[PDB]
Each structure stands twice: as C-alpha cells, then as structure tokens.
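Report on the structure given below.
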Amino acid sequence: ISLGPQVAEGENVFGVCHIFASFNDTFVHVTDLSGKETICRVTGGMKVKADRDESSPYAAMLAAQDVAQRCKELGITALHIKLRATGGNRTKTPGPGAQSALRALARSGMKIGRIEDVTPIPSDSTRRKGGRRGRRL
RNA sequence: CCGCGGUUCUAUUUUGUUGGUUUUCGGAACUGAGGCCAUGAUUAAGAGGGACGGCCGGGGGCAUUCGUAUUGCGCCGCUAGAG
Ligand SMILES: [Mg+2]
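Here the first sequence stands for residues 450 to 586, where the numbers follow my numbering.
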C-alpha cells in the first residue's frame, strides 16, 4: 500500500522499460511485466524547448532521471529493458538518446534486468518512403 | 549376267514359159521355270536427332500454406505533447 507493493526487502519488484529511441525524439516508458499498465512516460520534447534537442543526450538523460524518481517514488526497484528503433521499413538502429538514457537509468538508483531488442523487423516490408532515387540532399 | 520354255509381224529368192512359191525360210514382238552373282546396306564424325538411367536447377504454369511489418479499427493504461 501507499503507492507501492508489500514486497519484502530481500525480493525486488520487476518492471519493464521500453526505450523507443528514434531520431528527433526519445521515449522512455515504464510499465508492468505484461506492459498493460503504464507508470510513467517521459520524452525529450517535454524537457527541452528548442525543438532540435528532442533526441539530444542532454534531454534523454533528463527524461530517464524523471522516470527514475517516479519509479522509486512508486516503489519499483528492478527494471527490464526493451530497446527499440523506428523499425518497420525505416531505420533499424537506435537513435543517439538510447545510450545516454540507459546510462542515466543505471546511475540514478535503479536495478537492471534483461536487455532485449523489440525493433519491428519485417520479413519483407512495404514500399519504403523516399522514391527510387533516394533523398537528394 | 547366262542359257532353256513362253508371241506377233516382216527385207529378200532365182521351185526363170506366167500361177502358186515351203519361203518354219533370216530376224523381232509378249513370257515361265532355273543357274550363277563372295549376290546386293562404307563406317558410325570429340556433327547432329531421338531413346534410356540417376540426378540437378530463385526455369515455367496452376493450386495451397506460412511470416513479421505497414495501415486502419475496437477495448484498456498514463500523460501535453507528437510528427
Ligand atoms: Mg550530395
């Protein structure tokens, strides 16, 4: 009770932290083991007011700090990790904010379980956007 | 190839007293059974065709099945951002 479980000191409570780090944003999202219920979702957009640093490591660590204090306030100790890129037909590698957010989560008084990749990997995707001649910059 | 059976006509004769001439008279017409031919087919192209045996291949057509992804929808969660 009191915004927390009745777990003993010897046992730790396990959550699931989806880190959807794409380009131009970074989502850190803590849920239960099934993922049905969500505790807190913080993203770099609500921590930098520049519209350019949404995927910045400076904003990513701040977002991870907020979900860390919220998890500790809710009495959550151990936390699995599910790293996710944009996926689909689009880019399959995680954005810049993934490493800073993960480092912040470890150092801000949290425990780490298993790390897994939940990137959407198609067997063979649809027509990816851009044209056959690519994005001419 | 060689001989033997097997057909139709015809240059000439002088069986010079005319007549009839036998003129099979000479040869050329169609044919059946034989004998002999060492009897008669060059080989099978590092040419080809086809057959035969076990394979082999994202080769083709039809049918069937599977995969996550994308999009949308319907529920539940939490937040003011998302892109
Ligand atoms: Mg250029």
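No residue lacks a Cβ here, since even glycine has one placed at the ideal position from N, Cα and C.
> What does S471 pair with, by DSSP beta-bridge criteria?
Replying inline: Within the DSSP bridge table, the entry for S471 names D474 as partners.
>> Tell me which residues share the same chain as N461 and place their Cβ nearer than 7 Å to its Cβ, disregarding the 5 neighbours each side in the sequence.
In response: Around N461: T526, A527 and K560.
> Run through DSSP, which three-state label would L482 get?
Replying inline: Look at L482 here: in three-state DSSP terms it is coil, with no helix or strand label.
>> Can you list, in chain order, the residues of its chain with a C-beta nearer than 8 Å to that of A555? Leave out the 5 residues immediately preceding and following it.
In response: These residues qualify, in order along the chain: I561.
>> Taking DSSP's pairing of strands, which residues face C520 in a bridge?
In response: Paired residue(s): none; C520 is not in a bridge.
>> Check this for me: beta carbons of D515 and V497, under 7 Å apart or not?
In response: With a cutoff of 7 Å on beta-carbon distance, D515 and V497 are scored as not near each other.
> Terminal residues of the continuous beta strand (DSSP E) containing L532?
Replying inline: Counting along the chain, the beta strand (DSSP E) containing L532 begins and ends at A527 to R533.
>> DSSP has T492 in a bridge; who is on the other side?
In response: Residue pairing by DSSP puts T492 in a beta bridge opposite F476.
> Mind checking whether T568 and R533 have CB atoms under 7 Å apart?
Replying inline: Yes, the pair counts as a contact, with Cβ atoms nearer than the cut-off.
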